[PDB]
Amino acid sequence: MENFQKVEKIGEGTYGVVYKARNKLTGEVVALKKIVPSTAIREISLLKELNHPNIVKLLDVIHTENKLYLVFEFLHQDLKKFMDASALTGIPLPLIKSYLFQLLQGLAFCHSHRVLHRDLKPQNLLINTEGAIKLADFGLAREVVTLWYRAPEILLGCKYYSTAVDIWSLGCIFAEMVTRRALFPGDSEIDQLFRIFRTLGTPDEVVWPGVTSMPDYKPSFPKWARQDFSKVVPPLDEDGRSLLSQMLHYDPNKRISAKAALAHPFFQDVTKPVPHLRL
Ligand SMILES: Brc1cnn2c(NCc3cccnc3)cc(-c3ccccc3)nc12
């Protein structure tokens with residue numbers, strides 16, 4: 001740790017403080033996360049090999065004094081801050097599409113390696129001046145924590161959920177980019193679940209076979225009717241709404257995969273614009 005000079009706290013991750021820092025040696029500017037069980041060390045060690053242009057690079061893993069420090073590549077801005085900055089006119093559709101496309105590429109990569117993120121949220125989607133967007137904290141899961149992006153199968157007590165939970169989260173973020181308001185801003189697990197039911201309809205055996213057997217499912221759940229996506233994410237076009245609908249499928253087995261999503265017609269005209277970043 002004496003090999004780094006802390007420049008500033010750049011947030012408070014779900015595992016500890018995150019600092020912009022400088023390598024007192026090479027002068028390199030990095031993101032330093034302060035998080036030990038052997039399982040943790042081995043698993044994290046695998047993460048150092050999971051390299052892709054849309055995944056924030058894990059430079060080094062420092063274990064000292066029973067302390068765990070993760071050294072990452074540094075990115076100047078996160079998607080929450082950017083959405084807040086583009087709140088007046090909204091993020092241009094071509095840039096939303098680009099970002100969604102890139103994130104789907106990062107997801108497809110991780111998923112092909114059986115690595116899940118599990119906690120995707122605007123705060124951990126990082127952007128740079130070149131129009132790149134990257135996933136931060138991938139594989140780590142394996143201040144109130146936000147439930148807004150949590151998949152229904154997790155909320156219903158599914159113990160062995162899979163890659164589909166990340167597609168759900170990314171669907172919620174896509175919607176938020178488009179409308180400029182959180183899709184399902186729950187402030188408790190039941191509030192989150194009910195916000196989802198009120199919009200997508202209370203799930204049942206017809207749309208989600210086996211849902212009624214889920215650990216936390218209750219027959220006493222109110223039965224709300226599903227809303228039209230046209231009302232949910234105006235003025236997203238038909239391609240966008242169609243893709244969104246597939247990313248928000250209740251059944252995790254019906255939920256579109258990242259790889260399939262990349263082939264959706266929505267991306268037919270994808271480009272890579274440059275955002276205006278005021279650092
Ligand atoms: Br790895 C990592 C590399 N950059 N980075 C950033 N940079 C964005 C930024 C830069 C400068 C000032 N404020 C924000 C934020 C978070 C993060 C992730 C989760 C929660 C909080 C922060 N993790 C990282």
# chains A, B, ... in the order shown; residues from 1 in each chain; ligands from 1
>>> closest_atom_pairs(of="chain A", to="ligand 1", cutoff="7 Å", atoms="only C-alpha atoms and all ligand atoms", output="JSON lines")
{"residue": "A:10", "atom": "CA", "partner": "ligand 1", "partner_atom_place_in_ligand_line": "13 (N)", "distance": 4.0}
{"residue": "A:11", "atom": "CA", "partner": "ligand 1", "partner_atom_place_in_ligand_line": "21 (C)", "distance": 4.1}
{"residue": "A:12", "atom": "CA", "partner": "ligand 1", "partner_atom_place_in_ligand_line": "21 (C)", "distance": 5.1}
{"residue": "A:13", "atom": "CA", "partner": "ligand 1", "partner_atom_place_in_ligand_line": "20 (C)", "distance": 4.1}
{"residue": "A:18", "atom": "CA", "partner": "ligand 1", "partner_atom_place_in_ligand_line": "22 (C)", "distance": 6.2}
{"residue": "A:20", "atom": "CA", "partner": "ligand 1", "partner_atom_place_in_ligand_line": "11 (C)", "distance": 6.8}
{"residue": "A:30", "atom": "CA", "partner": "ligand 1", "partner_atom_place_in_ligand_line": "3 (C)", "distance": 6.9}
{"residue": "A:31", "atom": "CA", "partner": "ligand 1", "partner_atom_place_in_ligand_line": "3 (C)", "distance": 4.7}
{"residue": "A:56", "atom": "CA", "partner": "ligand 1", "partner_atom_place_in_ligand_line": "1 (Br)", "distance": 6.2}
{"residue": "A:72", "atom": "CA", "partner": "ligand 1", "partner_atom_place_in_ligand_line": "1 (Br)", "distance": 4.9}
{"residue": "A:73", "atom": "CA", "partner": "ligand 1", "partner_atom_place_in_ligand_line": "3 (C)", "distance": 5.4}
{"residue": "A:74", "atom": "CA", "partner": "ligand 1", "partner_atom_place_in_ligand_line": "3 (C)", "distance": 3.9}
{"residue": "A:75", "atom": "CA", "partner": "ligand 1", "partner_atom_place_in_ligand_line": "4 (N)", "distance": 4.1}
{"residue": "A:76", "atom": "CA", "partner": "ligand 1", "partner_atom_place_in_ligand_line": "10 (C)", "distance": 4.2}
{"residue": "A:77", "atom": "CA", "partner": "ligand 1", "partner_atom_place_in_ligand_line": "8 (C)", "distance": 4.1}
{"residue": "A:78", "atom": "CA", "partner": "ligand 1", "partner_atom_place_in_ligand_line": "8 (C)", "distance": 4.8}
{"residue": "A:123", "atom": "CA", "partner": "ligand 1", "partner_atom_place_in_ligand_line": "19 (C)", "distance": 5.5}
{"residue": "A:124", "atom": "CA", "partner": "ligand 1", "partner_atom_place_in_ligand_line": "18 (C)", "distance": 4.5}
{"residue": "A:126", "atom": "CA", "partner": "ligand 1", "partner_atom_place_in_ligand_line": "8 (C)", "distance": 6.2}
{"residue": "A:136", "atom": "CA", "partner": "ligand 1", "partner_atom_place_in_ligand_line": "1 (Br)", "distance": 5.5}
{"residue": "A:137", "atom": "CA", "partner": "ligand 1", "partner_atom_place_in_ligand_line": "1 (Br)", "distance": 6.6}
>>> select_by_dssp(residues="stretch 46-200 of chain A", states="strand (DSSP E)", output="CSV table (one decimal) with N, CA, C and O atoms, in the first residue's frame")
chain,number,residue,atom,x,y,z
A,58,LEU,N,-8.7,-5.2,-14.1
A,58,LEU,CA,-8.2,-5.4,-12.7
A,58,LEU,C,-6.6,-5.5,-12.9
A,58,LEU,O,-6.2,-6.5,-13.4
A,59,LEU,N,-5.9,-4.4,-12.5
A,59,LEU,CA,-4.5,-4.4,-12.7
A,59,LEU,C,-3.7,-5.3,-11.7
A,59,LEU,O,-2.9,-6.1,-12.2
A,60,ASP,N,-4.0,-5.2,-10.5
A,60,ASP,CA,-3.3,-6.0,-9.5
A,60,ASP,C,-4.1,-6.2,-8.2
A,60,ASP,O,-5.0,-5.5,-7.9
A,61,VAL,N,-3.8,-7.4,-7.6
A,61,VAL,CA,-4.5,-7.7,-6.4
A,61,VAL,C,-3.4,-7.7,-5.2
A,61,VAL,O,-2.4,-8.5,-5.3
A,62,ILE,N,-3.6,-6.8,-4.3
A,62,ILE,CA,-2.6,-6.7,-3.2
A,62,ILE,C,-3.2,-7.2,-1.9
A,62,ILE,O,-4.1,-6.7,-1.3
A,63,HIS,N,-2.5,-8.3,-1.4
A,63,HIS,CA,-2.9,-8.9,-0.1
A,63,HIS,C,-1.8,-8.6,0.9
A,63,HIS,O,-0.7,-9.2,0.8
A,64,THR,N,-2.1,-7.8,1.9
A,64,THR,CA,-1.1,-7.5,3.0
A,64,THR,C,-1.7,-7.1,4.3
A,64,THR,O,-2.7,-6.4,4.3
A,67,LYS,N,-5.1,-7.6,4.8
A,67,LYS,CA,-5.9,-6.6,4.1
A,67,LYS,C,-5.9,-6.9,2.6
A,67,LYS,O,-4.9,-7.4,2.0
A,68,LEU,N,-7.0,-6.6,1.9
A,68,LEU,CA,-7.1,-6.9,0.5
A,68,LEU,C,-7.4,-5.6,-0.3
A,68,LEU,O,-8.3,-4.9,0.0
A,69,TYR,N,-6.4,-5.3,-1.2
A,69,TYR,CA,-6.6,-4.1,-2.0
A,69,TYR,C,-6.6,-4.5,-3.5
A,69,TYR,O,-5.8,-5.3,-3.9
A,70,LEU,N,-7.6,-3.9,-4.2
A,70,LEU,CA,-7.7,-4.2,-5.7
A,70,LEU,C,-7.3,-3.0,-6.4
A,70,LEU,O,-7.9,-1.9,-6.2
A,71,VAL,N,-6.4,-3.1,-7.4
A,71,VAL,CA,-6.0,-2.0,-8.2
A,71,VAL,C,-6.6,-2.1,-9.6
A,71,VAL,O,-6.3,-3.0,-10.3
A,72,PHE,N,-7.4,-1.1,-9.9
A,72,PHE,CA,-8.1,-1.1,-11.2
A,72,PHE,C,-7.7,0.0,-12.1
A,72,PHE,O,-7.2,1.0,-11.7
A,73,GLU,N,-8.0,-0.1,-13.4
A,73,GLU,CA,-7.8,1.0,-14.3
A,73,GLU,C,-8.8,2.0,-13.9
A,73,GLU,O,-9.9,1.7,-13.3
A,77,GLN,N,-15.5,9.1,-15.3
A,77,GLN,CA,-16.9,9.3,-15.0
A,77,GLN,C,-17.7,8.1,-15.0
A,77,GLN,O,-17.4,7.1,-15.6
A,78,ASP,N,-18.8,8.1,-14.2
A,78,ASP,CA,-19.8,6.9,-14.2
A,78,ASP,C,-21.1,7.3,-14.8
A,78,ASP,O,-21.4,8.5,-15.0
A,125,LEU,N,-21.1,1.6,-13.9
A,125,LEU,CA,-20.9,1.6,-15.4
A,125,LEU,C,-20.1,2.9,-15.7
A,125,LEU,O,-20.5,4.0,-15.4
A,126,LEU,N,-18.9,2.7,-16.1
A,126,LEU,CA,-17.9,3.7,-16.3
A,126,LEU,C,-17.6,4.2,-17.7
A,126,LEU,O,-17.6,3.3,-18.6
A,127,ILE,N,-17.5,5.5,-17.9
A,127,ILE,CA,-17.3,6.0,-19.3
A,127,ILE,C,-16.1,6.8,-19.4
A,127,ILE,O,-15.6,7.4,-18.5
A,133,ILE,N,-17.7,2.5,-22.8
A,133,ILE,CA,-18.4,2.3,-21.5
A,133,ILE,C,-18.0,0.9,-21.0
A,133,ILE,O,-17.8,0.0,-21.8
A,134,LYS,N,-17.7,0.8,-19.7
A,134,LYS,CA,-17.2,-0.4,-19.1
A,134,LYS,C,-17.9,-0.8,-17.8
A,134,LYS,O,-18.2,0.0,-17.0
A,135,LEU,N,-18.0,-2.1,-17.6
A,135,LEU,CA,-18.5,-2.7,-16.3
A,135,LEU,C,-17.5,-2.8,-15.2
A,135,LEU,O,-16.3,-3.3,-15.5
>>> residues_around(residues="residue A:218", least_positions_apart="5", cutoff="12 Å", atoms="only C-alpha atoms", output="list in words")
residues 156, 157, 190, 193, 202, 203, 204, 211, 212, 213 and 223 of chain A
>>> closest_residue(among="A:163, A:146, A:89, A:128", to="residue A:178", atoms="only C-alpha atoms")
A:89
>>> residues_around(residues="residue A:86", least_positions_apart="5", cutoff="12 Å", atoms="only C-alpha atoms", output="mmCIF file with C-alpha atoms, in the first residue's frame")
data_model
loop_
_atom_site.group_PDB
_atom_site.id
_atom_site.type_symbol
_atom_site.label_atom_id
_atom_site.label_comp_id
_atom_site.auth_asym_id
_atom_site.auth_seq_id
_atom_site.Cartn_x
_atom_site.Cartn_y
_atom_site.Cartn_z
ATOM 1 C CA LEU A 79 -23.140 6.573 -15.923
ATOM 2 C CA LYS A 80 -25.198 7.939 -13.004
ATOM 3 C CA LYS A 81 -23.253 11.217 -13.033
ATOM 4 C CA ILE A 91 -28.776 11.118 -23.684
ATOM 5 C CA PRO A 92 -28.954 11.063 -27.483
ATOM 6 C CA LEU A 93 -30.461 7.765 -28.696
ATOM 7 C CA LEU A 95 -25.255 7.130 -27.609
ATOM 8 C CA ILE A 96 -27.757 5.125 -25.538
ATOM 9 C CA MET A 177 -31.380 6.134 -19.904
ATOM 10 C CA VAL A 178 -34.343 6.544 -22.242
ATOM 11 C CA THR A 179 -36.923 8.054 -19.883
ATOM 12 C CA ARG A 180 -34.559 9.947 -17.548
ATOM 13 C CA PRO A 275 -20.291 11.985 -25.394
ATOM 14 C CA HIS A 276 -19.565 15.474 -24.165
ATOM 15 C CA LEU A 277 -17.740 14.954 -20.913
ATOM 16 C CA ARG A 278 -16.967 17.839 -18.627
#
>>> residues_around(residues="residue A:267", least_positions_apart="3", cutoff="10 Å", atoms="only C-alpha atoms", output="MDAnalysis selection string")
chainID A and resid 94 97:98 100:101 239:240 243 261:264 270:271
>>> write_last_selection(atoms="N, CA and C atoms", output="mmCIF file, in the first residue's frame")
data_model
loop_
_atom_site.group_PDB
_atom_site.id
_atom_site.type_symbol
_atom_site.label_atom_id
_atom_site.label_comp_id
_atom_site.auth_asym_id
_atom_site.auth_seq_id
_atom_site.Cartn_x
_atom_site.Cartn_y
_atom_site.Cartn_z
ATOM 1 N N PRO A 94 -28.547 7.556 -30.203
ATOM 2 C CA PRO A 94 -27.427 6.810 -30.781
ATOM 3 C C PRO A 94 -26.372 6.463 -29.703
ATOM 4 N N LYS A 97 -27.868 3.675 -27.468
ATOM 5 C CA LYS A 97 -27.725 2.434 -28.230
ATOM 6 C C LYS A 97 -26.276 1.902 -28.190
ATOM 7 N N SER A 98 -25.311 2.801 -28.396
ATOM 8 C CA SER A 98 -23.888 2.455 -28.349
ATOM 9 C C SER A 98 -23.516 1.867 -27.004
ATOM 10 N N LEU A 100 -25.554 0.620 -24.681
ATOM 11 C CA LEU A 100 -26.244 -0.655 -24.456
ATOM 12 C C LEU A 100 -25.510 -1.771 -25.202
ATOM 13 N N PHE A 101 -25.132 -1.484 -26.434
ATOM 14 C CA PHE A 101 -24.439 -2.456 -27.280
ATOM 15 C C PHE A 101 -23.146 -2.895 -26.617
ATOM 16 N N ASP A 239 -38.276 -1.114 -32.058
ATOM 17 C CA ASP A 239 -37.131 -2.012 -31.924
ATOM 18 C C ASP A 239 -36.628 -1.978 -30.471
ATOM 19 N N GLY A 240 -36.442 -0.763 -29.954
ATOM 20 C CA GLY A 240 -36.007 -0.575 -28.577
ATOM 21 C C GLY A 240 -36.987 -1.234 -27.591
ATOM 22 N N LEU A 243 -36.773 -5.068 -27.730
ATOM 23 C CA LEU A 243 -35.557 -5.530 -27.038
ATOM 24 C C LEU A 243 -35.745 -5.425 -25.533
ATOM 25 N N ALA A 261 -29.174 -10.758 -27.682
ATOM 26 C CA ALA A 261 -29.499 -9.351 -27.698
ATOM 27 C C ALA A 261 -28.662 -8.552 -28.706
ATOM 28 N N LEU A 262 -27.376 -8.897 -28.831
ATOM 29 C CA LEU A 262 -26.486 -8.200 -29.744
ATOM 30 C C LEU A 262 -26.987 -8.319 -31.196
ATOM 31 N N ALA A 263 -27.740 -9.373 -31.472
ATOM 32 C CA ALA A 263 -28.260 -9.621 -32.819
ATOM 33 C C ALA A 263 -29.636 -9.016 -33.066
ATOM 34 N N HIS A 264 -30.227 -8.423 -32.030
ATOM 35 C CA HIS A 264 -31.548 -7.827 -32.154
ATOM 36 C C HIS A 264 -31.529 -6.655 -33.173
ATOM 37 N N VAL A 270 -26.330 0.683 -35.196
ATOM 38 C CA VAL A 270 -25.475 1.102 -34.112
ATOM 39 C C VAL A 270 -24.203 1.811 -34.594
ATOM 40 N N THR A 271 -23.810 2.821 -33.847
ATOM 41 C CA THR A 271 -22.610 3.613 -34.128
ATOM 42 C C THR A 271 -21.945 3.865 -32.782
#
>>> atom_distance(atom1="atom CA of residue A:105", atom2="atom CA of residue A:142")
20.8 Å
>>> closest_atom_pairs(of="stretch 129-195 of chain A", to="stretch 112-120 of chain A", cutoff="10 Å", atoms="only C-alpha atoms", output="tab-separated table")
residue	atom	partner	partner_atom	distance
A:135	CA	A:120	CA	7.9
A:136	CA	A:120	CA	8.4
A:137	CA	A:117	CA	7.1
A:138	CA	A:117	CA	4.5
A:139	CA	A:117	CA	5.2
A:140	CA	A:117	CA	7.2
A:141	CA	A:118	CA	6.6
A:142	CA	A:116	CA	8.0
A:145	CA	A:119	CA	9.6
A:146	CA	A:119	CA	9.0
A:147	CA	A:119	CA	9.0
A:148	CA	A:120	CA	9.9
A:149	CA	A:120	CA	7.0
A:150	CA	A:119	CA	7.5
A:151	CA	A:118	CA	9.1
A:154	CA	A:118	CA	9.6
A:161	CA	A:118	CA	9.3
A:162	CA	A:116	CA	7.2
A:163	CA	A:116	CA	5.6
A:164	CA	A:116	CA	8.9
A:165	CA	A:118	CA	6.4
A:166	CA	A:118	CA	6.0
A:167	CA	A:120	CA	9.2
A:168	CA	A:120	CA	9.3
A:169	CA	A:120	CA	5.9
A:170	CA	A:120	CA	7.0
A:172	CA	A:120	CA	9.8
A:173	CA	A:120	CA	8.6
>>> write_last_selection(atoms="N, CA, C and O atoms", output="tab-separated table (two decimals), in the first residue's frame")
chain	number	residue	atom	x	y	z
A	135	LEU	N	-18.02	-2.13	-17.58
A	135	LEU	CA	-18.55	-2.71	-16.34
A	135	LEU	C	-17.46	-2.78	-15.24
A	135	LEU	O	-16.35	-3.26	-15.46
A	136	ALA	N	-17.80	-2.28	-14.05
A	136	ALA	CA	-16.90	-2.29	-12.91
A	136	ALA	C	-17.47	-3.21	-11.84
A	136	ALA	O	-18.69	-3.38	-11.74
A	137	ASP	N	-16.56	-3.86	-11.11
A	137	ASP	CA	-16.90	-4.78	-10.02
A	137	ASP	C	-17.49	-6.13	-10.46
A	137	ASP	O	-18.14	-6.80	-9.68
A	138	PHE	N	-17.21	-6.56	-11.69
A	138	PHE	CA	-17.71	-7.84	-12.17
A	138	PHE	C	-17.08	-8.99	-11.36
A	138	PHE	O	-15.87	-8.98	-11.11
A	139	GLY	N	-17.89	-9.97	-10.98
A	139	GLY	CA	-17.42	-11.15	-10.25
A	139	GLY	C	-17.16	-10.93	-8.76
A	139	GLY	O	-16.92	-11.88	-8.02
A	140	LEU	N	-17.21	-9.68	-8.31
A	140	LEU	CA	-16.96	-9.35	-6.90
A	140	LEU	C	-17.99	-9.95	-5.92
A	140	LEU	O	-17.61	-10.48	-4.87
A	141	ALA	N	-19.27	-9.87	-6.27
A	141	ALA	CA	-20.33	-10.42	-5.40
A	141	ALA	C	-20.06	-11.89	-5.05
A	141	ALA	O	-20.24	-12.31	-3.91
A	142	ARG	N	-19.63	-12.66	-6.04
A	142	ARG	CA	-19.35	-14.08	-5.81
A	142	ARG	C	-18.07	-14.27	-5.00
A	142	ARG	O	-17.79	-15.36	-4.50
A	145	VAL	N	-28.02	-0.36	0.24
A	145	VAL	CA	-27.73	-0.94	-1.07
A	145	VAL	C	-28.99	-0.80	-1.93
A	145	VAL	O	-30.09	-1.09	-1.48
A	146	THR	N	-28.83	-0.29	-3.14
A	146	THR	CA	-29.96	-0.06	-4.04
A	146	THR	C	-30.56	-1.38	-4.53
A	146	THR	O	-29.85	-2.30	-4.94
A	147	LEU	N	-31.88	-1.45	-4.51
A	147	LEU	CA	-32.60	-2.63	-4.99
A	147	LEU	C	-33.20	-2.38	-6.38
A	147	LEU	O	-33.90	-3.27	-6.93
A	148	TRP	N	-33.04	-1.17	-6.90
A	148	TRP	CA	-33.75	-0.77	-8.15
A	148	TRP	C	-33.53	-1.67	-9.36
A	148	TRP	O	-34.36	-1.73	-10.25
A	149	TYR	N	-32.35	-2.27	-9.43
A	149	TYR	CA	-31.95	-3.07	-10.56
A	149	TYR	C	-31.99	-4.58	-10.30
A	149	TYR	O	-31.43	-5.38	-11.08
A	150	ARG	N	-32.61	-4.97	-9.19
A	150	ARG	CA	-32.63	-6.38	-8.80
A	150	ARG	C	-33.67	-7.21	-9.55
A	150	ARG	O	-34.84	-6.83	-9.62
A	151	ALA	N	-33.24	-8.36	-10.10
A	151	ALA	CA	-34.15	-9.22	-10.84
A	151	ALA	C	-35.22	-9.82	-9.92
A	151	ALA	O	-34.95	-10.05	-8.75
A	154	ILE	N	-34.35	-13.05	-7.86
A	154	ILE	CA	-33.52	-12.82	-6.67
A	154	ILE	C	-34.45	-12.38	-5.53
A	154	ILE	O	-34.32	-12.84	-4.38
A	161	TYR	N	-29.70	-18.29	-8.96
A	161	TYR	CA	-29.99	-17.49	-10.15
A	161	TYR	C	-28.75	-17.44	-11.03
A	161	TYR	O	-27.63	-17.74	-10.58
A	162	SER	N	-28.94	-17.09	-12.29
A	162	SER	CA	-27.83	-17.07	-13.24
A	162	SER	C	-27.60	-15.77	-14.01
A	162	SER	O	-28.00	-14.70	-13.57
A	163	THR	N	-26.93	-15.89	-15.15
A	163	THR	CA	-26.58	-14.73	-15.96
A	163	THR	C	-27.76	-13.80	-16.28
A	163	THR	O	-27.56	-12.61	-16.56
A	164	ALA	N	-28.97	-14.35	-16.33
A	164	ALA	CA	-30.18	-13.59	-16.64
A	164	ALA	C	-30.43	-12.43	-15.68
A	164	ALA	O	-31.05	-11.43	-16.05
A	165	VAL	N	-29.88	-12.52	-14.46
A	165	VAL	CA	-30.05	-11.41	-13.51
A	165	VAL	C	-29.37	-10.13	-14.04
A	165	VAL	O	-29.82	-9.02	-13.77
A	166	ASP	N	-28.28	-10.29	-14.80
A	166	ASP	CA	-27.54	-9.10	-15.31
A	166	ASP	C	-28.29	-8.46	-16.47
A	166	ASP	O	-28.30	-7.23	-16.61
A	167	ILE	N	-28.93	-9.29	-17.28
A	167	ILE	CA	-29.74	-8.82	-18.40
A	167	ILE	C	-30.91	-7.98	-17.84
A	167	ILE	O	-31.20	-6.90	-18.35
A	168	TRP	N	-31.54	-8.48	-16.79
A	168	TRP	CA	-32.59	-7.71	-16.13
A	168	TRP	C	-32.08	-6.34	-15.71
A	168	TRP	O	-32.69	-5.32	-16.04
A	169	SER	N	-30.98	-6.31	-14.96
A	169	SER	CA	-30.42	-5.05	-14.49
A	169	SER	C	-30.15	-4.10	-15.66
A	169	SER	O	-30.47	-2.93	-15.60
A	170	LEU	N	-29.53	-4.63	-16.72
A	170	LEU	CA	-29.18	-3.80	-17.86
A	170	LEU	C	-30.47	-3.27	-18.54
A	170	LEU	O	-30.51	-2.14	-18.97
A	172	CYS	N	-33.34	-2.51	-17.00
A	172	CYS	CA	-33.77	-1.40	-16.12
A	172	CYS	C	-32.92	-0.15	-16.42
A	172	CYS	O	-33.44	0.97	-16.43
A	173	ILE	N	-31.62	-0.32	-16.59
A	173	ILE	CA	-30.73	0.82	-16.89
A	173	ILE	C	-31.00	1.45	-18.29
A	173	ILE	O	-30.94	2.66	-18.46
>>> closest_residue(among="A:46, A:17, A:144, A:214", to="residue A:32", atoms="only C-alpha atoms")
A:17
>>> select_by_dssp(residues="stretch 16-246 of chain A", states="helix (DSSP H, G or I)", output="PyMOL selection string")
chain A and resi 38-47+79-85+93-112+122-124+152-155+164-179+189-200+211-213+229-232+238-246
>>> closest_residue(among="A:265, A:27, A:171, A:185", to="residue A:249", atoms="only C-alpha atoms")
A:171
>>> decode(residues="stretch 177-188 of chain A", atoms="N, CA and C atoms", output="compact mmCIF listing (two decimals), in the first residue's frame")
# COMPACT_ATOMS: atom_id res chain seq x y z
N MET A 177 -32.10 5.25 -19.00
CA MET A 177 -31.38 6.13 -19.90
C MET A 177 -32.35 6.84 -20.83
N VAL A 178 -33.36 6.08 -21.28
CA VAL A 178 -34.34 6.54 -22.24
C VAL A 178 -35.33 7.55 -21.66
N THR A 179 -35.90 7.21 -20.51
CA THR A 179 -36.92 8.05 -19.88
C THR A 179 -36.40 9.13 -18.95
N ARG A 180 -35.16 8.98 -18.50
CA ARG A 180 -34.56 9.95 -17.55
C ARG A 180 -35.16 9.83 -16.12
N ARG A 181 -35.72 8.66 -15.81
CA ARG A 181 -36.24 8.37 -14.49
C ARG A 181 -36.07 6.88 -14.23
N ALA A 182 -35.75 6.52 -13.00
CA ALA A 182 -35.55 5.11 -12.64
C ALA A 182 -36.82 4.32 -12.99
N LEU A 183 -36.64 3.12 -13.53
CA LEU A 183 -37.77 2.29 -13.92
C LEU A 183 -38.55 1.77 -12.69
N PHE A 184 -37.82 1.17 -11.74
CA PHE A 184 -38.40 0.55 -10.53
C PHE A 184 -37.62 0.98 -9.26
N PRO A 185 -37.85 2.20 -8.78
CA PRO A 185 -37.10 2.72 -7.65
C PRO A 185 -37.69 2.30 -6.30
N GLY A 186 -37.63 1.01 -6.01
CA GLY A 186 -38.14 0.47 -4.74
C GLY A 186 -37.26 0.87 -3.55
N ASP A 187 -37.85 0.97 -2.38
CA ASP A 187 -37.07 1.34 -1.21
C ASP A 187 -37.16 0.29 -0.12
N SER A 188 -37.50 -0.93 -0.53
CA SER A 188 -37.58 -2.11 0.31
C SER A 188 -37.80 -3.27 -0.64
